[PDB]
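So the protein sequences, as listed, match chains A and B.
Quick note, the first sequence lines up with residues 11 to 179, 211 to 270, 281 to 374, 378 to 428 if you use the deposited numbering.
Quick note, the second sequence lines up with residues 10 to 180, 210 to 269, 281 to 307, 309 to 374, 378 to 427 if you use the deposited numbering.
Quick reminder that beta carbons are idealized off the backbone N, C-alpha and C, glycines included.
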Amino acid sequence: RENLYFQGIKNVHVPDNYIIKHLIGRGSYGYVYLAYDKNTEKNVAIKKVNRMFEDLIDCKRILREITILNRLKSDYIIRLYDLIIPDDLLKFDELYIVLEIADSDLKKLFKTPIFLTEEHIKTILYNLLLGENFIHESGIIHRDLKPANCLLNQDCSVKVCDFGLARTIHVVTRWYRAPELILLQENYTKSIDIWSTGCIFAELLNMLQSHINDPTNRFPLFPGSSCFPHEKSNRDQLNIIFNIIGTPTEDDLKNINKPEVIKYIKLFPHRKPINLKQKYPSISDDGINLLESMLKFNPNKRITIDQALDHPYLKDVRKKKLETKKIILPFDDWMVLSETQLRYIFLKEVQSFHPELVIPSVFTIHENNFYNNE
Amino acid sequence: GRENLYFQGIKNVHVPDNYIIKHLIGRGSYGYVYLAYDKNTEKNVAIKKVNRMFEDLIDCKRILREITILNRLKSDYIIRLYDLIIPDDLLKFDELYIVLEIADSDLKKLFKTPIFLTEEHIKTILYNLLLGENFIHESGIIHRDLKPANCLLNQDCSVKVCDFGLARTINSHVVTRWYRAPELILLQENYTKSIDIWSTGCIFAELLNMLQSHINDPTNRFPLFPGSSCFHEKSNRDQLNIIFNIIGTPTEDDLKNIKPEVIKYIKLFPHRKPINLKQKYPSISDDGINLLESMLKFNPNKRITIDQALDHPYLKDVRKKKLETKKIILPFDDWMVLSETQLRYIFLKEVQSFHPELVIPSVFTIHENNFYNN
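Here it is, written out as structure tokens:
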């Protein structure tokens, strides 16, 4: 009987310059490890994604995740430092993704036995909003903002990652999804990211000791969809949303076109919104207003990033002074891609980090169909 | 001056100079647990800080039960209590530092790790857990709250049980009900040590998820009966419902052991068949499936016993019969509602067992003759 090696460090095979230290936790599509890079004298995060081509939907999302990160350059966005050359260029079924390290992330933060001041909360929120503004002005809707992909440093700086679901302008966690996204509308805008921000803001507000003295009593605001094993999930999620912000008003339903959608919504019995000031009593009227404006059912009624950055609540932390090109992805987002095409693009992205890489000709024959504006 | 965040919370952990706090391990019962090094004995230990002790006297008495039981159990199968640190304020302490034997991991953590177990590992862990439960029961105790979080684990597959705060002598918070026997869900008073066997079946089911041939992606591992929500009458209904979804609704024979009102309640649940365990776990022999099946019996009398489980063909190759006790007496009677002043007295007497020179304040010692009688 072999000893158990709980962190799985032995499964992590990377070049000599990287010293694998320990398991950080779960990332999107794989596990993330702390490593020291001897060549650049810094700590990095190395994510191993396995079973890459088993599910081509996930595979394309992994590709989208790395192609976007490779093209965004901002202090508000996790840097992609390296894509490690696969041992087998023809048959690789895994990829090692090397990322800028952060001290923590919001998901981890909320589980820690520490408390935040209101200054911390405003600073984190303000930094998140700055990141989102950079994302949107780069022509991207993140579409899956959640505590797990808002990385955090000790100085409250925020770095966004995990762009696998992003739009050009498994049990899934639906707790941070806008109602219009839950209602399977294909007409939605960057305002879905503002909804997600409101959800994250609510959890940041749980970090005040005067609100919650016991860290184990901190919960997401809309935990409607089950953690455990599509229609029932979406229904349950909509249901908890309405429990918090009330059923939609007549003016809310006016903004929607499809009568099948309205009819479905009407099936939900009427209820009033809960009192947010009561839920978060240590927060000023302006703070409640900001949270309220982020969590509007009607996306046109939802506060914008510009407005939020201008909001009285954030006046004290705003740094107008210390504060963009639209990105072009090497594939069109509508194309369904074959495994052979996917393999080509992956290796091209690897080649951006390793120019001496010779991509096999069975893949390079696809070269004329991609990277048309690069 | 916005202070840097310090995510571990090592700052509020105040212990004598011989203990060097290294890092946060995670959540334990009623408090957070830290890895520490004891300079005096030159070994690593776990230190749990329990605070807000006397805010809720129900939790307070459970904390006391947890430490008094551990202090009186002596076994390689049971986490050792190494120290109870003297409070700074003998009169008004609202926190306690509890120093425990360190383990490498625990079953809850194991199930989240990116590693896989062989069948031999699984058999070995289960066998060791059963040995621990047998020692517990022979000591005159029903654990009553066995779950992966309190089954500690070392690399060699040795298992150490802890967290006896809900334990019974054999004569707010969101509560995890997923490992509770149906007669506990149904609030019956006449239950037996067989409730621990039900919990063991639940844990065994999650151990089986650790086989790569069952589940190749660690994120697809779930408890068997996740009925009660993560976020008292509704919870018990949902938990009982998921149990019947797995093992079917109870037969007429199952009900014979049972109050007419309770039987009337169970009948409200629409009839259903048990699922097929052989299909759910296709890599396990008929022996393993039989062991699991016989642990998860609705009727507690029909459940396999620990002796029968240790005799089972499934565990034959790991059994070390050759390597296989007094009933413990608690210093208070389980039934009595204790006042804060009485609770403080017993806490300090337990502290005194580790620190004989401690002088307990006279205002507490007046309660002497009511405790430690046996």
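Using a 10 Å radius around the Cβ and a threshold of 16 neighbouring Cβ atoms, would you call residue i buried or exposed?
i: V416 of chain A; result: exposed
i: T133 of chain A; result: buried
i: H130 of chain A; result: buried
i: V390 of chain A; result: exposed
i: residue 272 of chain A; result: The gap in chain A between 270 and 281 takes in residue 272 of chain A, so it carries no coordinates here.
i: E311 of chain A; result: exposed
i: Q288 of chain B; result: buried
i: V108 of chain B; result: buried
i: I399 of chain B; result: buried
i: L82 of chain A; result: buried
i: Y86 of chain A; result: buried
i: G10 of chain B; result: exposed
i: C268 of chain B; result: exposed
i: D172 of chain A; result: buried
On the DSSP letters alone, give me the boundaries of the alpha helix (DSSP H) that residue i sits inside.
i: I307 of chain B; result: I307 of chain B -> no alpha helix (DSSP H), and no H or E assigned at all.
i: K20 of chain B; result: No alpha helix (DSSP H) holds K20 of chain B; DSSP gives it neither H nor E.
i: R71 of chain B; result: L66 to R81
i: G338 of chain B; result: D336 to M345
i: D357 of chain B; result: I356 to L360
i: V416 of chain A; result: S415 to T418
i: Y398 of chain A; result: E393 to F407
i: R353 of chain B; result: Segment: none, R353 of chain B is in no alpha helix (DSSP H) and carries neither H nor E.
i: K283 of chain A; result: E282 to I296
Please name the residue, chosen from the options, that lies closest to residue i on a Cα-to-Cα basis.
i: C240 of chain B; options: B:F125, B:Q329 and B:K117; result: B:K117
i: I307 of chain B; options: B:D386, B:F102 and B:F348; result: B:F348
i: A176 of chain B; options: B:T214, B:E221, B:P220 and B:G149; result: B:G149
i: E403 of chain A; options: A:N49, A:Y91 and A:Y46; result: A:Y91
i: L224 of chain B; options: B:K309, B:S237, B:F263 and B:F242; result: B:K309
i: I354 of chain B; options: B:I145, B:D97, B:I233 and B:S167; result: B:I233
i: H321 of chain A; options: A:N290, A:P332, A:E343 and A:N351; result: A:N290
i: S284 of chain A; options: A:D103, A:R215, A:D47 and A:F424; result: A:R215
i: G35 of chain A; options: B:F120, B:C69 and B:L138; result: B:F120
i: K370 of chain A; options: A:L245, A:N137, A:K20 and A:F16; result: A:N137
i: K70 of chain B; options: B:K83, B:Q329, B:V368 and B:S392; result: B:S392
i: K48 of chain B; options: B:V24, B:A359 and B:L262; result: B:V24
i: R153 of chain A; options: A:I253, A:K317 and A:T178; result: A:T178
i: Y217 of chain B; options: B:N180, B:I235 and B:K83; result: B:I235
i: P270 of chain A; options: A:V213, A:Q164, A:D357 and A:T378; result: A:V213
i: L222 of chain A; options: A:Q405, A:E428 and A:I151; result: A:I151
i: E282 of chain B; options: B:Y315, B:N426, B:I295 and B:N294; result: B:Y315
i: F16 of chain A; options: B:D165, B:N426, B:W388 and B:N13; result: B:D165
i: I253 of chain A; options: A:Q226, A:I19 and A:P332; result: A:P332
i: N294 of chain A; options: A:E301, A:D302 and A:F263; result: A:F263
Would a C-beta distance cut-off of 8 Å place residue i and residue j closer than the cut-off?
i: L396 of chain A; j: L99 of chain A; result: no
i: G141 of chain B; j: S38 of chain B; result: no
i: residue 190 of chain A; j: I88 of chain A; result: No coordinates exist for residue 190 of chain A; the numbering of chain A passes from 179 to 211 with nothing in between.
i: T394 of chain A; j: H211 of chain B; result: no
i: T230 of chain B; j: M345 of chain B; result: no
i: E110 of chain A; j: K169 of chain A; result: yes
i: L327 of chain A; j: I313 of chain A; result: no
i: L342 of chain B; j: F242 of chain B; result: yes
i: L245 of chain B; j: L135 of chain B; result: yes
i: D115 of chain A; j: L162 of chain A; result: yes
i: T378 of chain B; j: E104 of chain B; result: no
i: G297 of chain A; j: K330 of chain A; result: no
Between which two residues does the beta strand (DSSP E) harbouring residue i extend?
i: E12 of chain A; result: Counting along the chain, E12 of chain A falls outside any beta strand (DSSP E), and DSSP gives it neither H nor E.
i: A55 of chain A; result: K52 to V59
i: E129 of chain B; result: Segment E128 to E147 is the alpha helix (DSSP H) holding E129 of chain B; no beta strand (DSSP E) there.
i: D92 of chain A; result: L90 to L93
i: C240 of chain B; result: Element bounds for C240 of chain B: not the beta strand (DSSP E) but the alpha helix (DSSP H), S232 to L246.
i: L105 of chain A; result: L105 to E110
i: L161 of chain B; result: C160 to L162
i: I30 of chain B; result: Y28 to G37
i: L44 of chain A; result: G40 to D47
i: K118 of chain A; result: Premise fails: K118 of chain A lies in the alpha helix (DSSP H), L116 to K121, not in any beta strand (DSSP E).
Using 7 Å as the cut-off, classify the Cβ of residue i as near or not near the heavy atoms of the ligand NAP, replying yes or no.
i: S84 of chain A; result: The ligand content of the structure shown is nil, which means the ligand NAP is not present either.
Does any C-beta atom of chain C lie closer than 8 Å to the C-beta of residue i?
i: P264 of chain B; result: Judged by its chain identifiers, the structure shown contains no chain C, and its protein chains are A and B.
Between the region 238 to 256 of chain A and the region 126 to 141 of chain A, are three or more C-beta pairs nearer than 8 Å?
Using a C-beta cut-off of 8 Å, the region 238 to 256 of chain A makes contact with the region 126 to 141 of chain A, since at least three inter-stretch Cβ pairs fall below that distance.
The region 49 to 57 of chain B / the region 28 to 38 of chain B touching (three or more Cβ pairs under 8 Å)
Taking 8 Å as the limit for Cβ pairs, the verdict is that the region 28 to 38 of chain B does touch the region 49 to 57 of chain B.
At least 3 beta-carbon pairs within less than 8 Å: the region 58 to 77 of chain A vs the region 155 to 169 of chain A
No, they do not touch.
For the 8 Å Cβ check, are there 3 or more pairs between the region 381 to 390 of chain A and the region 67 to 82 of chain A?
Flag = yes, the region 381 to 390 of chain A and the region 67 to 82 of chain A touch.
Contact between the region 337 to 346 of chain B and the region 354 to 370 of chain B is defined here as three or more beta-carbon pairs at a separation below 8 Å; is this criterion met?
Touching, per the Cβ criterion.
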